[PDB]
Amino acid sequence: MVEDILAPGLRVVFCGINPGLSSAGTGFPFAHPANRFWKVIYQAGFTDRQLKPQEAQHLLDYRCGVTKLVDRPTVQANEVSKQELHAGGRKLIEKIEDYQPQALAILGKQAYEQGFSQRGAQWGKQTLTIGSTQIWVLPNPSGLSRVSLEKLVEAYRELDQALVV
């Protein structure tokens, strides 16, 4: 079971689709060795050192949190159904309304579209918000995504720079 890492006063709450097997197995988010999440948030400015999956709770030190749209673990994210994505959207909205971070970063266009009942979304900052929380759509960092580390870092850095101080 992979627990949420949330608290008040956060800059960003990163939300993935669901847990891969490594994550479900270790209990830490983005635990597969090939997932670029930890390296990306470091190069993009969210953390000042590259955290290892077991140090996930320490993301709070950098005022960042982690959650997921769907709880069910799967080998690949694409194994999650669109109906699952949607039921996850309601609980996610309640969580963000509770914790009130400056921004919610959904990792994956499909995840955003299904969870929030949106269509033809563009990458980056959306006009939709959850209260004062901004909504950003970022590329998924799993090693299975065809996005290069460079594009990943560029996209995440845009968010880091948008949230001043």
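Heads up: residue numbers just count along the shown sequence, starting at 1.
*Asks:* Tell me whether residue 76 turns out to be unmodelled in at least a third of the other entries of this protein, restricted to those that model residues on both sides.
*Replies:* Yes; at least one third of the other entries leave residue 76 out.
*Asks:* Looking at the entry, does 137 to 145 or 11 to 19 show the higher mean C-alpha B-factor?
*Replies:* Higher mean C-alpha B-factor in the PDB entry: 137 to 145.
*Asks:* Comparing 58 to 66 with 116 to 124, where is the mean C-alpha B-factor higher?
*Replies:* Of 116 to 124 and 58 to 66, the stretch with the higher C-alpha B-factor average is 116 to 124.
*Asks:* Could you check 129, 102, 50, 110 and tell me which one carries the biggest Cα B-factor in the deposited entry?
*Replies:* Max CA B-factor in the entry, restricted to 129, 102, 50, 110: 110.
*Asks:* Once the chain's modelled residues are ordered by C-alpha B factor and cut into thirds, is residue 165 in the lowest, middle or highest one?
*Replies:* As the PDB entry reports it, the C-alpha B-factor of residue 165 lands in the highest third of its chain.
*Asks:* Select lowest, middle or highest to describe the third in which the CA B-factor of residue 159 falls within its chain in this entry.
*Replies:* Middle third.
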